[PDB]
Amino acid sequence: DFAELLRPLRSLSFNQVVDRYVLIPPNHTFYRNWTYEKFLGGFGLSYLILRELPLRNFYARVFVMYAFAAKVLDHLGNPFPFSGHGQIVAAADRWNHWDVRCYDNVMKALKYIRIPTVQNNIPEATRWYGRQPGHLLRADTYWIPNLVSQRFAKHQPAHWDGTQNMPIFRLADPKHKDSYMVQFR
Amino acid sequence: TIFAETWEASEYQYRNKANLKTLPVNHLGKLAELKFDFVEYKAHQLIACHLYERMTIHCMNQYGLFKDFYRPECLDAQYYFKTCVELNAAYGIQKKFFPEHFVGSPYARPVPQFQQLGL
Amino acid sequence: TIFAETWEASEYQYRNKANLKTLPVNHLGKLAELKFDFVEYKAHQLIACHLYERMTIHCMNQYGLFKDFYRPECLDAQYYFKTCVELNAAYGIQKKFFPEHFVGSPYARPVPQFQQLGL
Amino acid sequence: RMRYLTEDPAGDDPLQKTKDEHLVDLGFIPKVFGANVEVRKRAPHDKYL
Amino acid sequence: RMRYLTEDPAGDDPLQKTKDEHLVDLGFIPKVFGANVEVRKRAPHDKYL
Amino acid sequence: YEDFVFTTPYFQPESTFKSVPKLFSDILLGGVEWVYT
Amino acid sequence: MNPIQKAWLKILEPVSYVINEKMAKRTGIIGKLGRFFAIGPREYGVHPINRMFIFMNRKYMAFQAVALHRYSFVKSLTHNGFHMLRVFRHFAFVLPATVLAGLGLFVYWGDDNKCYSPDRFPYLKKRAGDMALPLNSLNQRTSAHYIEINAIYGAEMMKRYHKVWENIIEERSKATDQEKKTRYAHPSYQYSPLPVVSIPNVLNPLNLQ
Amino acid sequence: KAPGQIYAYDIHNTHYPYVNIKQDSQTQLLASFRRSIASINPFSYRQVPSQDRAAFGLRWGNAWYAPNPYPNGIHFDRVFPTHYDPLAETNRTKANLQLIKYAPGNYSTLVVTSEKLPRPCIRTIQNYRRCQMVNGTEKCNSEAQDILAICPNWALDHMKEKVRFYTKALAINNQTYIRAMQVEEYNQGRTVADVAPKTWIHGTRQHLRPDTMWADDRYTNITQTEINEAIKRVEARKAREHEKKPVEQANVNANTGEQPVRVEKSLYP
Amino acid sequence: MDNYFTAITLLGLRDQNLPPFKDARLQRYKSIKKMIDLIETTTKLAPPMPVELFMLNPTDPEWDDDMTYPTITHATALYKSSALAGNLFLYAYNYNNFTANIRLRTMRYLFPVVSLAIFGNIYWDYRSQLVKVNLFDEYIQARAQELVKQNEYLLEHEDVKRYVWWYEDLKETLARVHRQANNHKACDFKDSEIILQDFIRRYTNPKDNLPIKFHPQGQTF
Amino acid sequence: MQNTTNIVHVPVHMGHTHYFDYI
Amino acid sequence: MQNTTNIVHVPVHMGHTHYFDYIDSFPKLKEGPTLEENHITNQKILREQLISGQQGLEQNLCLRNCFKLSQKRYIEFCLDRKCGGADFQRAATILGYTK
Amino acid sequence: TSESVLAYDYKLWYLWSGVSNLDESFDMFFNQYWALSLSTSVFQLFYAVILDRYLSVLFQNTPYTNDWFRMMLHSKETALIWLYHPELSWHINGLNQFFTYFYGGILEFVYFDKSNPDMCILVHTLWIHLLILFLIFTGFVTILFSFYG
Ligand SMILES: CCCCCCCCCCCCCCCCCC(=O)OC[C@H](COP(=O)([O-])OCC(O)COP(=O)([O-])OC[C@@H](COC(=O)CCCCCCCCCCCCCCCCC)OC(=O)CCCCCCCCCCCCCCCCC)OC(=O)CCCCCCCCCCCCCCCCC
Ligand SMILES: CCCCCCCCCCCCCCCCCC(=O)OC[C@H](COP(=O)([O-])OCC(O)COP(=O)([O-])OC[C@@H](COC(=O)CCCCCCCCCCCCCCCCC)OC(=O)CCCCCCCCCCCCCCCCC)OC(=O)CCCCCCCCCCCCCCCCC
Ligand SMILES: CCCCCCCCCCCCCCCCCC(=O)OC[C@H](COP(=O)([O-])OCC(O)COP(=O)([O-])OC[C@@H](COC(=O)CCCCCCCCCCCCCCCCC)OC(=O)CCCCCCCCCCCCCCCCC)OC(=O)CCCCCCCCCCCCCCCCC
Ligand SMILES: CCCCCCCCCCCCCCCCCC(=O)OC[C@H](COP(=O)([O-])OCC(O)COP(=O)([O-])OC[C@@H](COC(=O)CCCCCCCCCCCCCCCCC)OC(=O)CCCCCCCCCCCCCCCCC)OC(=O)CCCCCCCCCCCCCCCCC
Ligand SMILES: COC1=C(OC)C(=O)C(C/C=C(\C)CC/C=C(\C)CC/C=C(\C)CC/C=C(\C)CC/C=C(\C)CC/C=C(/C)CC/C=C(\C)CCC=C(C)C)=C(C)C1=O
Ligand SMILES: CCCCCCCC/C=C/CCCCCCCC(=O)OC[C@H](COP(=O)(O)OCCN)OC(=O)CCCCCCC/C=C/CCCCCCCC
């Protein structure tokens, strides 16, 4: 059986193996998550057909819907809204999180469980990276002074200077002179 | 490397860090969940991670690797074995280059020489 | 010892310890609470703990030490003066023998030499 | 530039770093250096902020 | 005797202690000592417990 | 070494055979605090 | 009764015969069980969600008719039809425009439907398992070009290393024990022959190419 | 422009292997039926991922499967001490809010990682090495000061500590070298010439008999008579070896109010 | 417990069984202590090879673009399409009122204009997303080939040959290692110590202060 | 780090009793 | 130790406004040229570089790529193999890495 | 932050179990060279050393050695190359040390979470959300804006 796992590799050369299973042509146009939409969306479609059962007794359909809800709650978990999340075990493939591999903080949050030390603090490097302010849009209709002032503002072209950090908007820092009205909690 | 069947648990717990994992002894109870008949000697069940290895072999002989090995008693043994050798490899390295992290080491909280006390 | 009228507020704050106290400048508003007439020069009000001292003298001259000095404007000046010189003596000694405790000192967080980096 | 030059106090836990008492017992006697009091922290070019 | 020999880990903050980088700039180069690995902690006589 | 310099003090190979008798020390996850009510 | 209920009947026609004729009257428990799961017209089979739509559709539509049925702002400008003095004629087309904007109520519901969400911070949290992240996570990122170009580069370079690796193993197999133990060896090493033993030269233990 | 398929698709040749771990008749019969109609069944879900379609994991009845977490004795009590033993039960019981909280990382391993230094600090290091190998160390003062100034202090501490670690590991590796290259008393004066022309197989069970009586058929023809005679010969040799016995040493752990030595435990209680 | 498979192999658990008594079983554990120190030392003598062989340098300025992954929001495009379809049902469900009642004429007249603009936003976003994804896929493939042809020469360096010869010497060396006895002592691998020492003495100088010298592209673990 | 963490230098035996934890 | 504590190495000025705390200004802040001015200034550099800085470029780019390698022995191999037998010190002087 | 929230959601878990041959989390090298070491061979001890070096490579989850950034011989794509070139463990252990020494930070011990959560971005979940709010809004109308009685 261990040799049966390598059957498709014995008929191929190393260059054929790499070109076959490793160098898959990039194509990020597919709707990969359709598999999850069809499966989980079927609960709602199934409820449409199931709510029309010709069962005469109202309390017999109470039992049927109780059984159908049990099938769903094995995945959804908590029946109350705004309480928790469902739980679905999915297959591990090279395309997991493919569109967020560029972000570093997403990797640390998913992968690393750091061990707290006696000096109970977040790593200094993690704190330092966290202070580099992110970019926050100027457009704001929630503060009435900007709701009035930004109607007379002139949007001028921001000519690219060759960087990736041009602060053409305000910064997401509580101490920024254009963000002090925003509550950071 | 551990050159015995038994190890002190405290020797593999951290002294200056939170303890979120232990290095437990082999789970002998998982050996009774194999439904088929097999021969196992008690002289091989205490050494680290080897019991889970032999169980995986017993399950891969009775069953194969397709549609019959996929039962809870056999997959947990394969997962335990793979996880046991990974944890023990990291603990062994951490014991080799970071012995000061563990309880029982004289370098976790060094005792000063009498010349440093000023008496 | 402070050899000026002004001191940077941060230079007397702790870097590796919680800051539960400051070393504020003299409270000039307390000088306007004295109801009686007095002559005070602005050239003496910024130096540490001296304004509270002169106010105490003014209050001990207008009033005495019995049943007339015991009014809130005069007792707070005596308390501020007694307290200012006690804190400043403690901060001054801590500045002399524990300069590494305060913000702005290069020994609070020593910067390594280039030979310690391994390049 | 200000947040690039905004550090936190005390750095990281010293007890999680290599000890000097352990290097001596390993065969390496560490040398003691002095604080570098002459360097001034500055922010890099804008492209790196 | 057990509680006399019951200590807590990590001791106190080393940052609240005299630095070796500072003693150098003060005129004293500290000597690095090794760990004393031969001493065994024991409890005193009962009268001191 | 290979076009690289790593400054280290003189290594003492005698430290290898250093007699270090192991001592007992148990950690108790779940113990006593400083104050109780 | 609706068509979907009638469709169930043709499919459950034989099942109804077993429950209502045989089980529903046999005796004892089999009767109580068959009369409980009887098949027929649904008792309390109304669907409140359907009705909730019918009611709210009708109430909101009566509002559309009022808001959309307004006198024209354009016709009132000439002072010749039905309107001489209308000091609030410039409010005539506010409610109509407000109702027509209501057609995008559900099309644009939530932040994700008003923009490209992958360029927004909340998307990172959803992909991180609905987990809190620092606000500057969208900036601390490694180039996607490197991740994908390096992934292809490593493989294209391995196919060329496999060929170089074979030529090296071949040239070494035809080498003497003295050459393969002194070449690339340390200068201070003095070669001392070892007893000859049979050790095969197998490229891949697994029978691969 | 066909979608790419992973290696696992060529093992099974289908995207719909109805793998259910629950070994009940109702489950495996339904899977075999569902496994056959997956080609024309609308209620079909994939378990083999592809470039165009994601997949589900292993199924456990109607729910999903995940192995039992590796035993971990770390736990946190809420109402009373439970004395949780991960080895006392096969499957880990669920965590009740008022009873216990388990350690983090049900499925986690121990690894070593490193933070990535800031990009501008990296460029100053590249410029120093480059100016070093080109112009030499003595002409890199400006490049060295840029490092101490541009690199944030938390990075300089890491760089300072990396050197101390690798200095520690350097010694730990050379001490093993010394113990390894030490010539024992049983190999004094022996060289490669005194080595035998043997390989790994020559120390196995087929060529080298284990130290057990029933490893092969060596002692299968032994009778009780031959045993009684052998018991007499071993006792004869013991008339010359039993003459010596190590002397009893003092108990270093006699005092109970003293930190005892972690001395090797006796084989038996 | 590091070097698991190495230790299990030396004890003979791959071909035989340990003694059923603790005295000899424990002596057999302590017998491999020398061999582990040897095999670990051999694994730390591997020569270096160019890091820029199967891995592009991530510190190169070419990767300062900090580019993102362009995606297609299918779920967003499908919801907004289903929501637009809901409006067409609302009009159909109320067709007689929107069509015959003049109080709803403005909806009858402008409902299709609003629907087209909604469709335009949906399809515009999907179409733009699709174009950016293709530009990204075709660039990473073209730029990947240029870098290959540029760094192919690194495989011609003699250090690649030196690396393979060291790996084979370790294979032939460990293939010759053998158990010499079953007395449960370190002397059971008496001859194997000499074989491995010759291997270590072949890539190091024991008569130095630090036979194992540190270099950043070396072995520590 | 766990608040109820103690390092003891002499051996102790804990009771394996339900609802109680003691030496 | 206060959790919201920060050590800053450059001067900041905090606004003394009710209900708000923020940095209203930086001492001795100079307003440089506008984004349009820098745009025009850069276009003049890119225009010259496009017209007069494109001959003999293929060689200089190969030299730059060779010097981005990890070890020195690999650089010399890159120069001799790709750059037509160039010298380490002679190429470093062209790129401007020499003092 | 404050953003849109759904009433009911599903969280995916890309579990790296290592016991499923259906996905890419199956360690083909470890299982093949492990079973290869069980059979009597002249390289039986050599394969053991290889497996031990392979585990010391998984133990180093640095930015230059990890699956997240799709690095050679660390990601799911290049798991099969171990079957052909198991000699590259030393090259990896050295490469990671080169970049860690010059361009990396302190080697810190962390627990590597194999469970890979990811919120499933679905269409029907917002339909359920609208229905719930539609019920909430209708009650607001049923109680306060109902004039039918
Ligand atoms: C000419 C007259 C006709 C003559 C011919 C008569 C013969 C007809 C039959 C043969 C032809 C059938 C054609 C389709 C091929 C199907 C073949 C097959 O094997 O299917 C087995 C099919 C799938 O097997 P499965 O793999 O086990 O999946 C079901 C699991 O539950 C799944 O479990 P899961 O957890 O893995 O997944 C959860 C699931 C969600 O699943 C659930 O929630 C259901 C769970 C069950 C309820 C919970 C309580 C538990 C009950 C258990 C006891 C049930 C016993 C029933 C025994 C029935 C035995 C057959 O969600 C999903 O995974 C995705 C689902 C959504 C995907 C898209 C679905 C598209 C369907 C297209 C519909 C087209 C027809 C129109 C529909 C009607 C329009 C008005 O099993 C079923 O029998 C499903 C029954 C659903 C009821 C159907 C009612 C409508 C039927 C329409 C018939 C045609 C039109 C009739 C018009 C009326 C006048 C004639
Ligand atoms: C080429 C293709 C083939 C074509 C060939 C086939 C040709 C067949 C054509 C068939 C039918 C065509 C339909 C039109 C013919 C109608 C003829 C007729 O007799 O109908 C009479 C018909 C009879 O009335 P009704 O039947 O009782 O009710 C009619 C309506 O239901 C409701 O009636 P209403 O009167 O109540 O509606 C009033 C509404 C009508 O809606 C509109 O027309 C929108 C008006 C927007 C423009 C307003 C101009 C304001 C003056 C600014 C002066 C400068 C202009 C510079 C422009 C530069 C542009 C960049 O306008 C208002 O809302 C008035 C308030 C204005 C806002 C208040 C503040 C104003 C001052 C703001 C100043 C801000 C300045 C700040 C800075 C200044 C610094 C200098 O009345 C009509 O006018 C029908 C209009 C139907 C809608 C047509 C538009 C449909 C939307 C198409 C999409 C947008 C494209 C066009 C955009 C134009 C630029 C924005
Ligand atoms: C526990 C929580 C569970 C939560 C999950 C489950 C939630 C369940 C709620 C279900 C509520 C919705 C019902 C969904 C269908 C289920 C069956 C059903 O309706 O109930 C049984 C229903 C009986 O109603 P009943 O409640 O039992 O009592 C009757 C009443 O007493 C008196 O009868 P009536 O006729 O006066 O009353 C009509 C009745 C039933 O009326 C219906 O027939 C329902 C029709 C629903 C729309 C279906 C077409 C949608 C467009 C399809 C586009 C296909 C795209 C793909 C194209 C192919 C290329 C990929 O009530 C409704 O209309 C409910 C509609 C609810 C609002 C839907 C629109 C809201 C949009 C707002 C934005 C939301 C965006 C998401 C929308 C997603 C839509 C995909 O069965 C029938 O009515 C049979 C109708 C047979 C003839 C229909 C022929 C086809 C007509 C197609 C539409 C043609 C118009 C133009 C469309 C243009 C499209 C481009
Ligand atoms: C002394 C006795 C009294 C004590 C009472 C007890 C005290 C309270 C105990 C509380 C217990 C703890 C609560 C649960 C803990 C968890 C809380 C949580 O996590 O919530 C977070 C969640 C986050 O939201 P957020 O932080 O507040 O706001 C941030 C975002 O804006 C949110 O997301 P977004 O930005 O994406 O949303 C944008 C917005 C977009 O909206 C718009 O753009 C325009 C508005 C369009 C409205 C359209 C409605 C949708 C349907 C329309 C279809 C018809 C069309 C008609 C024509 C339309 C014209 C255009 O969409 C909406 O939010 C629409 C909201 C529609 C609400 C209905 C409008 C009237 C206001 C509500 C009045 C009734 C409540 C007052 C009760 C007073 C009783 C005394 O909170 C919620 O918003 C959900 C509210 C419900 C939470 C409680 C759920 C409890 C679970 C059991 C109940 C389950 C419901 C079953 C109802 C059954 C009825 C029979
Ligand atoms: C046009 O002018 C306007 C009106 O007309 C006057 C209005 O009424 C209104 C008011 C609007 C309303 C009162 C409607 C409000 C609706 C809201 C808030 C959302 C309603 C949500 C629901 C009813 C819950 C639906 C839940 C789901 C869809 C999730 C599960 C999926 C289900 C049930 C369907 C399965 C999905 C599919 C894609 C398959 C589709 C199946 C079919 C088409 C089968 C149909 C079968 C038959 C027999 C017809 C407005 C705003 C308007 O602008
Ligand atoms: C009469 C038509 C009415 C339609 C509604 C009117 C409004 C129309 C709005 C059009 C907006 C179009 C904008 C583009 C949206 C993009 C949709 C999309 O991305 O789908 C992708 C994707 C294609 O798959 P991939 O190959 O992986 O992706 C390749 C990408 N080139 O399509 C899907 O997700 C599959 C599902 C499509 C929608 C649901 C299909 C089922 C429809 C339900 C009703 C049909 C009932 C009868 C079904 C018969 C069952 C036996």
(message) Using the basic label-point model (7 angstrom from Cα toward the beta carbon), what is the G:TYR71 to A:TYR142 distance in nanometres?
(response) 4.3
(message) Along the Cα→Cβ direction, 7 angstrom out, place labels at G:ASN167 and H:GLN23. What is the inter-label distance in nm?
(response) 5.4
(request) Can you put F:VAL35, L:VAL5 in order of Cβ neighbours within 10 angstrom, beginning with the fewest? (result) F:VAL35, L:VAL5
(request) Enumerate the calculated ³J(HN,Hα) couplings along region H:112-126 in order (Karplus 6.51 cos²θ - 1.76 cosθ + 1.60, θ = phi - 60°), each rounded to whole Hz, writing x wherever the residue is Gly or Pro. (result) 10, 10, 8, 6, 8, 4, x, 4, x, 5, 5, 5, 5, 6, 5
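Grab the other residues whose beta carbon is less than 11 angstrom from that of A:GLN87, score K and R as +1, D and E as -1, and report the net. All intermediate terms of the calculation are to be shown ahead of the outcome.
Numbers: positive: L:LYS11; negative: A:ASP74, L:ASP9.
With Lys, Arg at +1 and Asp, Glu at -1, the net is -1.
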(message) With 10 angstrom as the radius, rank L:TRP127, I:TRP63 by how many other C-beta atoms surround their C-beta, starting from the fewest.
(response) L:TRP127, I:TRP63
(request) When a/c is below 1.5 the answer is rounded, else prolate if a/b is larger than b/c, else oblate, so apply that to chain A with a ≥ b ≥ c taken from the square roots of the Cα gyration tensor eigenvalues. (result) oblate
(request) Could you pull out every one of the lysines with an alpha carbon less than 24 Å from that of H:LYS245, ignoring same-chain neighbours closer than 8 positions? (result) H:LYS232, H:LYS265, I:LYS22, I:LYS30, I:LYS185
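Could you work out, residue by residue across I:76-86, how many beta carbons of other chains sit within 10 Å of that residue's beta carbon, and then give the average as an integer? List each step's numbers first, then the result.
Numbers: counts 11, 3, 6, 13, 8, 2, 6, 11, 4, 0, 5.
Going residue by residue through I:76-86 and averaging, the value is 6.
With a Förster radius of 60 Å, plug the Cβ-Cβ distance of H:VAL192 and A:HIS176 into 1/(1 + (r/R0)^6) and report the FRET value to the nearest 0.05. Display every interim value, and only then the final one.
Working: r = 73 Å, r/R0 = 1.22.
Working from the Cβ atoms, E equals 0.25.
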(request) Select from B:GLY64, H:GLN132, B:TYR80 the residue farthest towards the positive end of the dipole of the protein assembly as shown; place +1 on Cβ of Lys and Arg, -1 on Cβ of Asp and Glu, and compute about the Cα centre. (result) B:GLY64
(request) Could you work out the mean count of beta carbons from other protein chains within 10 Å of each residue's beta carbon in I:24-31? (result) 3
(request) Enumerate the calculated ³J(HN,Hα) couplings along region L:133-144 in order (Karplus 6.51 cos²θ - 1.76 cosθ + 1.60, θ = phi - 60°), each rounded to whole Hz, writing x wherever the residue is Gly or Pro. (result) 5, 4, 5, 5, 6, 5, x, 4, 7, 5, 8, 10
(request) State the extension gain, in nm to one decimal, for the chain segment bounded by L:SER4 and L:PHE147, taking 0.36 nm per residue of separation less the distance between their alpha-carbons. (result) 48.2 nm
(request) Take the alpha-carbon centre of region E:19-49, take the same for region H:172-251, and report the distance between them in whole Å. (result) 48
(request) Using only alpha carbon pairs under 8 Å that are at least six residues apart, calculate the relative contact order of region A:1-150 and give it in whole percent. (result) 6
(request) List the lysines whose Cα lies under 20 Å from the Cα of A:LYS154, skipping any in the same chain that are fewer than 8 positions away. (result) A:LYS177
(request) Show which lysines lie in cross-link reach of D:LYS41 when reach means a straight Cα distance below 19 angstrom and same-chain residues fewer than eight apart are skipped. (result) H:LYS160, K:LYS28
(request) Alpha carbons only, please: Rg and Dmax for region G:1-143, in angstrom. (result) 29.9, 88
(message) Is there a quick way to get the dipole size of region I:56-153? I mean about its Cα centre, with the Cβ of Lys and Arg at +1 and of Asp and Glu at -1; what is the value in debye to the nearest 20?
(response) 1280
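To the nearest whole number, what is the average tally of beta carbon atoms from other chains within 10 Å of the beta carbons of peptide A:131-141?
Mean shielding count: 4.
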(request) Hey, can you grab everything whose amide H is under 5 Å from the amide H of A:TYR103? Only 5+ residues off in sequence or another chain; H modelled, so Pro and N-termini drop out. (result) G:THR142
(message) Residues of region G:163-207 with backbone nitrogen within less than 18 Å of a virtual label 7 Å along the Cα-to-Cβ line of I:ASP208, please, listed as ranges.
(response) G:182-191
(request) Provide the net charge surrounding L:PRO117, with neighbours chosen by a C-beta distance below 15 Å and charges set as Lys +1, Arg +1, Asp -1, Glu -1. (result) +3
(request) Kindly put A:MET107, C:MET60 in sequence by how many other C-beta atoms sit within 10 Å of each C-beta, fewest to most. (result) C:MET60, A:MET107
(message) Treating the point 7 Å from Cα along Cα-beta-carbon as the label, what are the nm separations from D:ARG40 to the other copies, to one decimal?
(response) 6.1
(request) Hey, for a label at C:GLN78 modelled as a point 7 Å past Cα toward Cβ, could you say which residues of region C:5-33 have their backbone N under 12 Å away? (result) none
(request) Give the total of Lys-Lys pairs in chain C with Cα-Cα distances below 30 Å; include a pair only if its members are 8 or more places apart or on different chains. (result) 20
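Beyond 20 Å, what percent of the Cα pairs of region H:1-143 remain?
Working: 7238 of 10153 pairs.
That fraction is 71 percent.
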(request) Amide H neighbours of A:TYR112 under 5 Å, at least 5 residues apart or on other chains, H built in the peptide plane: list them. (result) L:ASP113
(request) Sum up the charges of everything whose Cβ sits under 14 Å from the Cβ of L:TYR64, counting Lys and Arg as +1 and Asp and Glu as -1, but leave L:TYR64 out. (result) -3
(request) Taking the rotation that carries B onto C, look along its axis and tell me which residue of B has the beta carbon nearest to it, distance in whole angstrom. (result) B:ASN16, 9
(request) Sort the following peptides by mean Cβ neighbour count (other Cβ atoms within 10 Å, averaged over residues), highest first: H:171-183, G:113-125. (result) H:171-183, G:113-125
(request) Determine the principal axes of the Cα atoms in region I:26-146, then give the extent along each, sorted from largest to smallest and rounded to whole angstroms. (result) 99, 48, 19
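Suppose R0 equals 41 Å. What FRET efficiency, 1/(1 + (r/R0)^6) with r the Cβ-Cβ distance, do H:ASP10 and H:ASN62 give to the nearest 0.05?
Working: r = 30 Å, r/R0 = 0.72.
After rounding to 0.05, the efficiency reads 0.85.
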(message) Averaging over every viewing direction, what projected area does the convex hull of the Cα atoms of the protein assembly as shown cover, in nm²?
(response) 84.7
(request) Can you tell me the order of I:165-175, K:24-34, I:23-33 when each peptide is scored by its average per-residue count of other Cβ atoms within 10 angstrom, highest first? (result) I:165-175, I:23-33, K:24-34
(request) May I ask you to list, by number, the DSSP H helices of chain G whose Cα span along the axis is at least 18 Å and whose average Kyte-Doolittle hydropathy reaches 0.0 or more? (result) G:3-16, G:48-68
(request) Along Cα→Cβ, 7 Å out, is where each label goes; now give me the distance between the ones at I:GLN141 and A:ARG10 in nm to one decimal. (result) 3.3
(request) Report the calculated FRET efficiency for E:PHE33 and K:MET1 (r = Cβ-Cβ distance, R0 = 22 Å), to the nearest 0.05. (result) 0.10
(request) Name the shape class, rounded, prolate or oblate, that the alpha-carbon gyration tensor gives for chain H, where a ≥ b ≥ c are the square roots of its eigenvalues, rounded holds for a/c under 1.5, and otherwise prolate holds if a/b is larger than b/c and oblate otherwise. (result) oblate
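Using ideal geometry, Cβ is built from the backbone for each residue, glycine included, and neighbour counts are taken over all protein chains shown. No lab work stands behind these numbers, since they all come straight from the coordinates.
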